[PDB]
2 protein chains.
Amino acid sequence: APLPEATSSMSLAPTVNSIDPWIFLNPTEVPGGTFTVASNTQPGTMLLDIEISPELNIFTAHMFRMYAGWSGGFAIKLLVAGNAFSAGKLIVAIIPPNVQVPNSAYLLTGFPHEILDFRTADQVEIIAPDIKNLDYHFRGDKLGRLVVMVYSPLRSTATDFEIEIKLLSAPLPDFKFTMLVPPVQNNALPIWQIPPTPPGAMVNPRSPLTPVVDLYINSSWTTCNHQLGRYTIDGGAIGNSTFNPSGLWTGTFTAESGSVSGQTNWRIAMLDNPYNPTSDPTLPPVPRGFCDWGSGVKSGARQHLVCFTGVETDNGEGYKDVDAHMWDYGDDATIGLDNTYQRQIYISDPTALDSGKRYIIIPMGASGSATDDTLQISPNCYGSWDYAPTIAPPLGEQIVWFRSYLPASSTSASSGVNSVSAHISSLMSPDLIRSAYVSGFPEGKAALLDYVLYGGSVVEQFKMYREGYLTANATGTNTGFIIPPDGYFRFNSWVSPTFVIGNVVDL
Amino acid sequence: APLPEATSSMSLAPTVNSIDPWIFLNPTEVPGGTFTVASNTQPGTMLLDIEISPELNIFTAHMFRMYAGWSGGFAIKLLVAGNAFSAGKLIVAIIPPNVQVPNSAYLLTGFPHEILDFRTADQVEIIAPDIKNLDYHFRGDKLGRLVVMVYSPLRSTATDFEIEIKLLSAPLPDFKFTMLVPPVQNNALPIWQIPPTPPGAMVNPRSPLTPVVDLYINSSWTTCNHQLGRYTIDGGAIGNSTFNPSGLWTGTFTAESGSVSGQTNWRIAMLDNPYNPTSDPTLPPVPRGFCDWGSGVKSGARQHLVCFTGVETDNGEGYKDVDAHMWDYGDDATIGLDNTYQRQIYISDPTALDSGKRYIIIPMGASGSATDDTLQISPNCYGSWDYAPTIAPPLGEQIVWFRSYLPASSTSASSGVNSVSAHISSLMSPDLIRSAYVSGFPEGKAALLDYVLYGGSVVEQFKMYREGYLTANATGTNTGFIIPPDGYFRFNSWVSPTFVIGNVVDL
């Protein structure tokens, strides 16, 4: 116990409550309180920054949804799962509120601290008190976090094996709830119910009309710059993504009676944005949910084909004469507009284009000599509208990409088209992420979940972060390992973002 | 009151547990315990047959997820909300387990009973004891049901309005739980969290690529015969529907090198169903998720088009010459195939087709004199495979139809297509019913929910059944009523399947 506890009289808190006496005796595991230390962790790194609250125990985190006030501290105990060769030192400190958490062991030592080495080979325990200046906290600024750091690295003498540390907790004899008036449904939960929906029955946000066939992981793609399928728990649909990919796939554009220099057949046109009529820089330029496939930096050689496009029927009741055509962003000449994700596009057609008449487009397919690597990169966007930033996983981890097979739609005609089959991948399907809104993630925590195959004979483990991407550790270098979709995700636990997956990919 | 309860010393249950002391004092509402009485109820009908269990108080329903055993009775109160003109009497009794309950109010006054008038405007109460014979219940048979009936009919014709009856429950001071060991997630939930997504941002199961435009209620469509978009709470996706309509919208078939008698341009063809390789009678004939729009009993003028169709490149690497064409089921001659929703189809094209050659079709649109009325009906289903049954709303109610607008895609050629713009309706979008799987419906109960428009200045009320179709009362006849899709569904309560909604819709 590095710091004394408060009495928590609760004199002026009406209708104080008494909880089950058996909870104080049977300690459970803290939800977000497991982590690991490896041989290559940087000294002075923050492994755990959980805060004192009623969410440090399975029972009081589920019972807390009925009340609106609490006051009391916890008594936690460390399970180390140590070794016989390693040697290092940990550090645990209590941080009072209204205090910028120090990000250096030098400064962290100036706090109620206790230093534990790895050669203790036992299970110590520490008391976490609640620093309150009020009679009892309701649900607000519940600081008093429990930062845990690495004072000295573990240079193991022999095998460089890892250490997994977890925490068990139990309320102090002075922990009480107050004012059970709020019935239900206020805050987070200790569990997450993932329905057993196979990925083979999920929609692909970046390419509808094509079912997901496999899960694809590739070593060369170490970053993502997509603008469709970007979902976050905190922000919902972020960037230009939406929750109905199928509904918003078809688009409409208007001609402008012109052509770019060099090639006259590239009729210029402008896209229509009902959401942002005026070209205000603070809103997305293109209509929401429209394609963002990449085609190259600047090369007329290949050009994704718009496939089905149609002319106005002069009646206002639809369109006419759907034909297979090819399109592209920008002009393939200007460096500042070749790949910018903007309104102006060009469509290749030998015949003249109806000026001032709108057309319907259903983009599906790519033409030229384009490969999956060309399509994987997305045209970068510049401007003022809040767009999805580029994402890179931590070192030693990959990304699961929900790849799907895109057939070819060519023609034998005068102009022709060299469209070829390919594969298109998306960051995360909306079906999986949509479920985790009833019971949101605990703050600054990732979810460790399992993917089982056959009758459970082979189980892989994935870690899902806050922004919605899954890592799967590494086994070696390959052209992209393929996982069948004949399985269901199963929730396993909550882990820190720095957790290292135990099970490896196994080829 | 008329029957004492048992003490239940509970010697054989280890670790008996205590609950909050303020729960016994504040009575909450029993979840599935509201109903209505009118002047047209058939005599001798059970208006309520609820079962004694900890699921009568939202607080003990939330508490019970942590324990494994319960023991104790409740104290129930009735709210009648009558008038000063209604004249009749109700009756509520308690039935011990394993006893044949009669269906007459004359014999029903032998059990411990209570008789309350309709115009009381008070809070009558009855103590419901636990008629247990074992040490303590353990998620097993509890019966002790709480049947409610009508003693003397309300003989009045001047008023003719509905009476709404609700119950409030509170645990007796001897209620207690045992064995807190089970952490969480054991049984159902009493509350439903519906995410605030307007129907305009939902996928239409019967017609993807077209967003929902309005909510449609028509006074002439009194039945549903669809096979797509039909879901149930317990049965998941019933019929030939699926939770990913966009991924299964594209279809394929093979030509048979033939023509129907009379018309030469009608090439006979057969759809391939990978999910049913053999012609097993107990499996659906057509592939899952394929189109099922109706066309007419027998008509060679109202034929809906297949729109995009194409042939493979003779290499299995793509498709070629995808153009707009027309199709239909069967042969328009035989009584067993004219509209029977089976593998064989016929496609209209002047040139004959090469046998054993694969073709791809993406159906969208209807040509000829086909209207929305013809599209609403579906081809009949024959055989022994499990198909979705017919649905008819209870008398005095209509159905909300999730209507979307299907444009026309014509062409100017020698043959051409005369397609017109139409509308397509589906019973239930998958997104709305996806939420109600984590917290399923209670036994034999429907859900009453609110549809809020603008900022809450206008609210409608809908009732959702376990079969997946919404009903919205009625006032009179109309040829198509439109509700804007710019609003979100909000859960209100649980009601009996014969509950009469409050608000009227005025045509």
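These residue numbers run from 1 along each chain by written sequence and may not equal the entry numbers. Residues without coordinates are not shown. For this description, chains carry letters from A and ligands carry numbers from 1, given in the order in which they are written. Hydrogen atoms and water are omitted, and side-chain values are computed over all heavy atoms in the structure. Residues with missing side-chain atoms are left out of burial classes, side-chain pairs and their counts.

Its PDB header names cryo-EM as the technique used to obtain the model and reports a resolution of 3.60 Å.

1. Here we look at the sheet that holds strand β1 (residues 16–17) of chain B
Overall, antiparallel pairing links the three strands, which are arranged β1-β10-β3 (chain B) in an open sheet. Bordering the open sheet on either side are β1 and β3 (69–71) of chain B, each of which pairs with just one other strand. Only strands joined by at least two bridges in the DSSP assignment are considered to pair. Labels follow the DSSP assignment, with helices taken as runs of H or I lasting at least four residues and strands as runs of E lasting at least two, numbered in each case from the N terminus.

2. With respect to the sheet that holds strand β20 (residues 403–406) of chain B
All names here are of chain B. If you trace the four strands from one edge of the open sheet to the other, you get β22-β20-β11-β26, paired in antiparallel fashion. Pairing within the sheet leaves two strands with one partner each, and these edge strands are β22 (422–425) and β26 (481–483). On average, each strand axis in the sheet is inclined to that of its neighbour by 45 degrees, with strand direction left out of account. Summarising the sheet, strand β11 (residues 212–217) and β26 pair through three bridges and their orientation is antiparallel. Across the sheet, the residue bridging to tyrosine 216 is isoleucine 482, located in β26. Here an angle of 0 to 180 degrees is reported between the N-to-C directions of two axes, which are lines fitted to C-alpha atoms, with helices fitted over the stretch in contact.

3. Points about the pairing of strand β9 (residues 163–171) of chain B
Residues and elements named next belong to chain B. Relative to β9, strand β2 (residues 28–37) is paired through six bridges, and the arrangement is antiparallel. Within β9, the residue paired with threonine 34 across the bridge is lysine 166. In this sheet, β9 lies alongside strand β4 (residues 74–79) in antiparallel orientation, the contact comprising six bridges. Bridging from a neighbouring strand, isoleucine 76 pairs with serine 169 of β9.

4. Some words on unusual backbone geometry
The phi angle at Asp141(A) is positive, at roughly 30 degrees, despite the residue not being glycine. Within the fold, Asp141(A) resides in the loop between β7 (125–128) and β8 (148–152). Notably, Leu143(B) is not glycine yet its phi reads approximately 35 degrees, a positive angle. Tracing the sequence through the fold places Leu143(B) in the loop between β7 (124–128) and β8 (148–152).

5. Things to note about the pattern of salt bridges
Criterion for a salt bridge: a side-chain nitrogen of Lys or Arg within 4 Å of a carboxyl oxygen of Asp or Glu. Tallying each qualifying case throughout the model produces 23 salt bridges over all chains. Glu164(B) is the partner of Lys166(B) in a salt bridge, and the nearest nitrogen-oxygen pair spans 2.9 Å. When accessible area is computed with a 1.4 Å probe and restricted to protein chains, residues below 20% of their type maximum are described as buried, those above 50% as exposed, and intermediate ones as partly exposed. For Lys166(B), a relative accessible area of 27% translates into the label partly exposed. A residue is classified by how much of its surface remains accessible, and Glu164(B), at 31% relative accessible area, is partly exposed. In this structure, a network of salt bridges that share partners links the residues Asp431(A), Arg434(A), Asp431(B) and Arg434(B).

6. So, the environment of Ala68(A)
By the secondary structure assignment, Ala68(A) is in the loop between α1 (58–63) and β3 (70–71). For the pair formed by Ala68(A) and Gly440(A), sequence separation is 372 residues and the distance between their alpha carbons is 19 Å.

7. Concerning the side chain of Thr210(B)
All names here are of chain B. Among the structural elements, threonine 210 can be located in the loop between β10 (176–178) and β11. A 3.5 Å cut-off defines polar contacts: any pair of N or O atoms within that distance qualifies, except that in protein one atom must be a possible hydrogen donor and the other a possible acceptor, and neighbouring residues in sequence count only when both atoms are side-chain atoms. A polar contact is formed between the side chain of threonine 210 and the backbone oxygen of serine 207, at a distance of 2.8 Å. Discounting residues that sit within four places of it in the chain, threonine 210 has contacts with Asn204, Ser404, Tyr405, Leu406 and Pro407. Throughout, a residue-residue contact means that at least one pair of heavy atoms, one from each residue, lies within 4.5 Å.

8. Description of the interface of chain B and chain A
Listed per partner, the contact involves 50 residues of chain B and 50 residues of chain A. Note on definitions: buried area is the accessible-area loss of two parts on being combined, 1.4 Å probe, summed for both. When chain B packs against chain A, the two sides together hide about 4600 Å² of surface, and 61% of this comes from carbon and sulfur. Across the chain B-chain A interface, the total number found is two salt bridges. A salt bridge links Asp431(A) to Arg434(B); the nearest nitrogen and oxygen atoms lie 3.1 Å apart. Run the count over chain B and chain A and you get 15 residue pairs in polar contact. At the level of elements, β1, α1 (58–63), β17 (319–329), β21 (408–410) and α3 (430–435) of chain B are the ones that each hand at least two residues to the side of chain B that touches chain A. When residues of the side of chain B that touches chain A are assigned to their parent elements, the largest contribution, six residues, is made by β17(B). Taken together, the three bridges between strand β17 (residues 318–329) of chain A and β21(B) define a ladder with parallel strand orientation. When the bridges of β21(B) are listed, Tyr319(A) appears paired with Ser409(B).

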